[PDB]
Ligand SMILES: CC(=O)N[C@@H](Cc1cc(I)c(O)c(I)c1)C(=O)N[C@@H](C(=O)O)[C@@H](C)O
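Starting off, we have a lone chain in the form solved without the ligand, written out as structure tokens.
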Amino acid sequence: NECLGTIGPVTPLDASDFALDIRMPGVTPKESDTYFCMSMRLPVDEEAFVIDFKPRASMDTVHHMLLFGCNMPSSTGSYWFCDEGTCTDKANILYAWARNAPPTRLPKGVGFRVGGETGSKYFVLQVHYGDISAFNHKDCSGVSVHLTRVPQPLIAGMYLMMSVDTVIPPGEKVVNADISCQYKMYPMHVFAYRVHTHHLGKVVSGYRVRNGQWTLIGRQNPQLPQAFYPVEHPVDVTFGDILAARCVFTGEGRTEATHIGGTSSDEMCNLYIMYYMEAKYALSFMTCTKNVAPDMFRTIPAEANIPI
């Protein structure tokens, strides 16, 4: 957790492997619930694989950490408030660290592909400070990332499901945000999932639908720590399957309508489905921002409507 100083952020591990430490540049937050961000350009231009993550966080002050891969970080320089954004392009989430929900490891043989022609060129670290009650001292919290240039037999990726058009009228008891897309790639295997909502979300659920049958991928209270939780049973999604997600929102407590957006007063319905694929079939990211089968949600399991 200590700042690195003279030895810097790159530690050789083996002939082909190295650790990259992505830390805050000795920051001292002034308010509670501060969101700090920073970027590291990858040290290698060629293709590499992220096979492990080690959290390096002060247990007193850090609420959560997020690590992203992208090509255009929102800001240049040393560090910034993530109120100005994380990445200008698509931020590909790699890792979440929650205080009250310790992370689960990548399965062995699984890595994210980064760098090269098409991979992420930058890491962006987001650190959410909770208490900030310490003393006035400098903080260097972050993540140690294990990189290798040995190709991995299985490639990790992210299937992101997000609402874009949700409107939650003020005081409205239940507002559903439904998301659905047909899967049209090679088989992916879901091993982890993360849900994200702001203060109005009560339950988020995602399913694979295969010939009318709903198989649960993940279902979580978004007010609980937003870590990646492992899937109960590894769920394969194959060509012709439908991915379906529902967030349940309340409008109660709000004087005005709440829509999708980036601030605390806005909402989000995000479901991050972390998968692996065979390397020769793999693609690193997919997104569903649509609702292609809206009448299919008539047979959605009851669990998706009651809170956990």
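Start at 1 with the first residue shown and count on from there. Here the rigid core means the biggest group of C-alpha atoms that line up within 1.5 Å when the two forms are laid on top of each other.
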Next on the checklist: Given a rigid core fit, name the stretch, 153 to 161 or 167 to 175, whose C-alphas are on average farther from the form shown here in 6 other deposited structures of this protein.
Outcome noted: 167 to 175
Checklist outcome for this item: Core-fitted, the stretch whose Cα atoms sit farther from this form in 6 other deposited structures of this protein, 41 to 49 versus 248 to 256, is 248 to 256
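Another form, the form solved in complex with the ligand, is not on view; read the next lines as being about it.
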Next on the checklist: Whether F18 contacts the ligand in the bound PDB entry should be assessed with a 4.5 Å heavy atom distance threshold; does it?
Outcome noted: yes
Next on the checklist: When the contact criterion is heavy atoms within 4.5 Å, does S141 count as touching the ligand in the bound PDB entry?
Outcome noted: no
Next on the checklist: Is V248 part of the interface with the ligand in the bound PDB entry - any heavy atom within 4.5 Å?
Outcome noted: no
Checklist entry - With a 4.5 Å heavy atom cut-off, would you call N270 a contact of the ligand in the bound PDB entry? => result yes
Item to check | in the bound PDB entry, the residue from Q152, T166, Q126, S205 that sits within 4.5 Å of the ligand by heavy atoms | outcome: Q126
Checklist entry - Among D60, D33, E47, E252, which has at least one heavy atom within 4.5 Å of the ligand in the bound PDB entry? => result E47
Checklist entry - the ligand isn't shown here, but in the bound PDB entry, which of 86 to 94, 216 to 224, 73 to 81, 167 to 175 has heavy atoms within 4.5 Å of it? => result 86 to 94
Item to check | Partner contacts in the bound PDB entry for 59 to 75 (non-hydrogen atom within 4.5 angstroms of the ligand) | outcome: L66, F68
